[PDB]
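Here the structure comes first, spelled out in structure tokens, and everything after it is commentary.
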Amino acid sequence: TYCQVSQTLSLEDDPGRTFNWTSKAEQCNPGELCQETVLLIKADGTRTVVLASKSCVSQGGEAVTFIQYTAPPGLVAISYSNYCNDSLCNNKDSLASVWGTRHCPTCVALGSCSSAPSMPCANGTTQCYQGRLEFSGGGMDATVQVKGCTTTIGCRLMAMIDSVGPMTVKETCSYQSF
Ligand SMILES: *[C@@H]1O[C@H](CO[C@@H]2O[C@@H](C)[C@@H](O)[C@@H](O)[C@@H]2O)[C@@H](O[C@@H]2O[C@H](CO)[C@@H](O)[C@H](O)[C@H]2NC(C)=O)[C@H](O)[C@H]1NC(C)=O
Ligand SMILES: *[C@@H]1O[C@H](CO[C@@H]2O[C@@H](C)[C@@H](O)[C@@H](O)[C@@H]2O)[C@@H](O)[C@H](O)[C@H]1NC(C)=O
């Protein structure tokens, strides 16, 4: 009936090393458990967008879920979600265990990219991608603009998955296949 609670959005140089996810505890309503959910999104050569949620929650079992939505080279999207049902269980402190050539405008930002310089695409990329990710729920409401060379096909940076712990995801994009 106590859980760590925090909602953070950040751009992160080296979130594997530096990110401190330890948060203050708060009392849940009865018949609520804890969750810790983080989503990390990166383009080639960019910083990493980090959506990190800790809260009391009423829906769900005690699964631990690790997903790679989209694989390098290029765009990378990865999540860790731990739902757990004893006081202060959502206590992960660190993201260490979690995280004729073509050219594409490349960037990541919360909101809108200030710029999207052109970068050469590695072997294995299928397309240029210009997308927008809409997040809602869990006190985590946000947009992420993502452009770059990617392995994903069409508007599938988030692999057609609608939700990430307490967050809902909508994806819209343009893409230019090779
Ligand atoms: C989350 O835990 C609650 C609390 O359960 C109690 O404490 C646990 C550590 C364990 O020892 C349980 O046996 C205890 O009951 C769960 O609530 C209970 O669930 C049972 C079975 O559905 C039900 O008949 C009891 O009356 C429930 N008690 C309350 C307070 O509602 C809850 O279901 C757990 N949820 C998950 C997803 O694990
Ligand atoms: C991470 O931070 C911990 C203490 O944090 C402080 O407590 C939390 C609840 C935050 O609200 C923060 O703003 C406070 O200053 C440290 O005890 C812990 O050791 C830190 N981890 C590392 C690896 O440095």
Side-chain angles (χ1 to χ4, degrees), residues 7-17 19 21 35-55 57 59-84 90 92 94-99 102 104-113 116 119 121-178:
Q7 293 81 44
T8 71
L9 302 166
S10 56
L11 285 175
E12 232 49 264
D13 285 329
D14 196 4
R17 261 212 298 109
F19 196 93
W21 203 6
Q35 66 85 21
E36 54 194 11
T37 302
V38 57
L39 179 56
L40 298 97
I41 306 162
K42 196 199 186 302
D44 187 16
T46 72
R47 304 192 152 97
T48 296
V49 182
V50 186
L51 305 94
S53 170
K54 290 198 186 182
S55 73
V57 65
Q59 284 162 337
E62 292 195 81
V64 185
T65 304
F66 172 93
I67 299 168
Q68 179 165 260
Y69 302 85
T70 297
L75 304 189
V76 182
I78 286 174
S79 70
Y80 165 88
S81 191
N82 172 21
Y83 283 57
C84 62
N90 61 341
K92 188 151 184 62
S94 133
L95 304 188
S97 71
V98 177
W99 185 239
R102 308 305 230 107
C104 308
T106 304
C107 69
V108 296
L110 289 165
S112 274
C113 299
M119 300 188 95
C121 304
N123 208 40
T125 50
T126 62
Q127 61 179 211
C128 298
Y129 172 99
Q130 305 90 37
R132 181 154 259 113
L133 299 183
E134 215 67 57
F135 299 93
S136 51
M140 287 309 287
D141 303 82
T143 25
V144 182
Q145 179 159 231
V146 184
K147 304 181 180 197
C149 314
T150 186
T151 54
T152 195
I153 297 163
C155 298
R156 296 203 256 247
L157 178 55
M158 287 304 290
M160 299 184 83
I161 294 164
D162 297 340
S163 69
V164 178
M167 296 182 261
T168 296
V169 210
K170 290 213 200 76
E171 173 171 354
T172 56
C173 95
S174 302
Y175 68 99
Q176 302 84 232
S177 318
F178 317 150

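Residue indices begin at 1 and follow the sequence shown. Just so you know, these numbers use all the heavy atoms, side chains as well, and skip hydrogens, waters and symmetry mates.
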Residues 150-160, side-chain donor-acceptor partners within the protein, below 3.5 Å, at least two apart:
from, atom 1, to, atom 2, distance (Å)
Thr150, OG1, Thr152, N, 3.2
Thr151, OG1, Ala71, O, 2.7
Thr152, OG1, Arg156, O, 2.8
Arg156, NE, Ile153, O, 2.9

Tell me the closest heavy-atom pair linking [X] and [Y], and the distance in Å.
| X | Y | answer |
| --- | --- | --- |
| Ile41 | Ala77 | CG1-CB, 4.2 Å |
| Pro15 | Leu95 | O-CB, 3.8 Å |
| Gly16 | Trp99 | N-CD1, 4.2 Å |
| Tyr83 | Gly61 | CB-O, 3.0 Å |
| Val98 | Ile78 | O-CG2, 3.7 Å |

### Query
Is there a donor-acceptor contact under 3.5 Å from the side chain of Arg132 to the main chain of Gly111?
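Indeed, once roles are kept as given, a pair shorter than 3.5 Å links the two residues.
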
#### Entry: All salt bridge (charged side-chain N to carboxylate O under 4.0 Å, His left out) counterparts of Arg17, not counting sequence neighbours
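Result, salt bridge (charged side-chain N to carboxylate O under 4.0 Å, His left out) vs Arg17: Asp14.
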
How would you list, by chain and number, every residue that makes a side-chain contact (heavy atoms from CB on, under 4.5 Å) with [X], sequence neighbours excluded?
| X | answer |
| --- | --- |
| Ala109 | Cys113 |
| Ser94 | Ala96 |
| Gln176 | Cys128, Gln130, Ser174 |

Just jot down the side chain to side chain donor-acceptor pair (under 3.5 Å) partners of [X], sequence neighbours excluded, or say none.
| X | result |
| --- | --- |
| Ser79 | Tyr69 |
| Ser97 | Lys92 |
| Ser53 | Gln35 |
| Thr125 | none |

Approximate separation, where rounding is to 0.5 Å, of [X] [atom1] and [Y] [atom2]:
| X | Y | atom1 | atom2 | answer |
| --- | --- | --- | --- | --- |
| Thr65 | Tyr80 | OG1 | OH | 9.5 Å |
| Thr37 | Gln7 | OG1 | CD | 11.0 Å |
| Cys107 | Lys147 | SG | NZ | 5.5 Å |
| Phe135 | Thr143 | CZ | OG1 | 9.5 Å |
| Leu40 | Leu51 | CG | CG | 8.5 Å |
| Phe19 | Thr8 | CZ | OG1 | 4.0 Å |

### Message
Check the SG atoms of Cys104 against those of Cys149: under 2.5 Å or not?
### Response
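No disulfide here.
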
Output a table of donor-acceptor pairs, distance under 3.5 Å, between side-chain atoms of residues 42-49 and any protein atom two or more places apart or on a different chain; print 'none' if there are none.
from, atom 1, to, atom 2, distance (Å)
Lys42, NZ, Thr46, O, 3.4
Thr46, OG1, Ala43, N, 3.0
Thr46, OG1, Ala43, O, 3.2
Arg47, NE, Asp13, OD1, 2.5
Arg47, NH2, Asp13, OD1, 3.4

### Query
Can you list the steps and then say if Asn82 with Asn90 is a side-chain contact (heavy atoms from CB on, under 4.5 Å)?
CA-CA 7 Å; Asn82 172 21; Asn90 61 341; 5.6 Å; no

Using atom types as modelled, flag every donor-acceptor pair under 3.5 Å from a side chain in residues 163-170 to any protein atom, sequence neighbours excluded.
none

